[PDB]
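For reference, the chain that follows is the form deposited in one PDB entry, supplied as structure tokens.
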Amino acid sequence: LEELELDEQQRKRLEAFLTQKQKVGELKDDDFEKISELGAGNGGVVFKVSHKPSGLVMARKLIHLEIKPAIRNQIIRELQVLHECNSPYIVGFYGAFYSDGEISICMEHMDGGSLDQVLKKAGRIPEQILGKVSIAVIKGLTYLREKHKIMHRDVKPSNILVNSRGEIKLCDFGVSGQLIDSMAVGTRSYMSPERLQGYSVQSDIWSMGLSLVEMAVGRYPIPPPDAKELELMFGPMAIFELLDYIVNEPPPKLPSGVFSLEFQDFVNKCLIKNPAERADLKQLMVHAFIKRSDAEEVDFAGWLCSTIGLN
């Protein structure tokens, strides 16, 4: 597929990552010194750590799990598939190990944090920036589907990471069933209405469209905002009530007058409740909003650094 091709810069960065990764070796707990806490999420705290032997800076997620030694070795073996997932739109993976009652997952460090964290800083994210985000998520989901036959299963702003180089990558896509089972939990407020009713990449496309709306307006779009909140933005529901709303009510949408019709049509085709009518990855890759965004020269790194205060 032409959408899986890489630039010369993307190919250079991918080779540089694998070249530095070959120098690492087997990860052990005592080889890490904590630098700072990057944040909490999905049953474990993520630390910015330094791998003392190699000197690299990594993100280390520690998941406290008390399981028999066999159960742990299965999770570690199932996470080894991440070594083969190499793409400019997938967060780089270093290794996983068990130590002192905690599963560690060491990955590439993204100094921009997640888009959940960026959204809290920005308030809302502009459409041109979200065009670059849409392109990366589509290509990331396409890479996982095409080269590995893998669904993400948990697309949301907190699982989309960015950095000061202008890169946008996905992470935390389901690869180990024994890890999800042993942790039984994550939010279901981004799941498609068909998954909430009892499973395809179409579900991930719903989650992308839902995440794009939240970042565009600056709030989780369900329940829909009233006209008073709109005039304050552009000029409580329990979780079980929220999931019932997703299944039994029409999908959310962008407000009129403030976003282009191509952007509105893009999220509309992502949020069609019928997965058969909902657009797939091939159709979205050639949507008018995506083709327009790909030709737009947007300085994402410059916008990101000034928005969150990186300097």
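Under this definition, the rigid core comprises the largest set of C-alpha atoms superposing within 1.5 Å between the forms. Residue indices: 1-based, along the sequence shown.
Missing deposited residues between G198 and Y199: 1 to 3, all without coordinates in the entry.
Counting the deposited residues that fall between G235 and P236 and carry no coordinates gives a value of 10 or more. Averaged over CA atoms, B-factors in the entry run higher in 97-105 than in the other of 97-105 and 116-124.
Legend: mean Cα B-factor per stretch from the PDB entry, 239-247 versus 256-264; the higher mean is in 239-247. When the C-alpha B-factors of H64, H51, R60, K269 are read from the PDB record, the largest value belongs to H64. In the PDB entry, the Cα temperature factor peaks, among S192, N159, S182, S164, at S182. Ranked by C-alpha B-factor against the other modelled residues of its chain, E84 falls in the middle third. Per-chain ranking of the deposited C-alpha B factor places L56 in the middle third. In the deposited entry, the Cα temperature factor of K228 sits in the top third of values across the chain's modelled residues. The entry lists a Cα temperature factor for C171 that places it in the middle third of the chain's modelled residues.
Among all modelled residues in its chain, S211 ranks in the lowest third by Cα B-factor.
Same protein, other form: the form deposited in another entry, not shown, and the subject of what follows.
The residue among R72, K139, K156, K132 whose Cα moves by 2 angstroms or more between the shown form and the other one, once the core is superposed, is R72.
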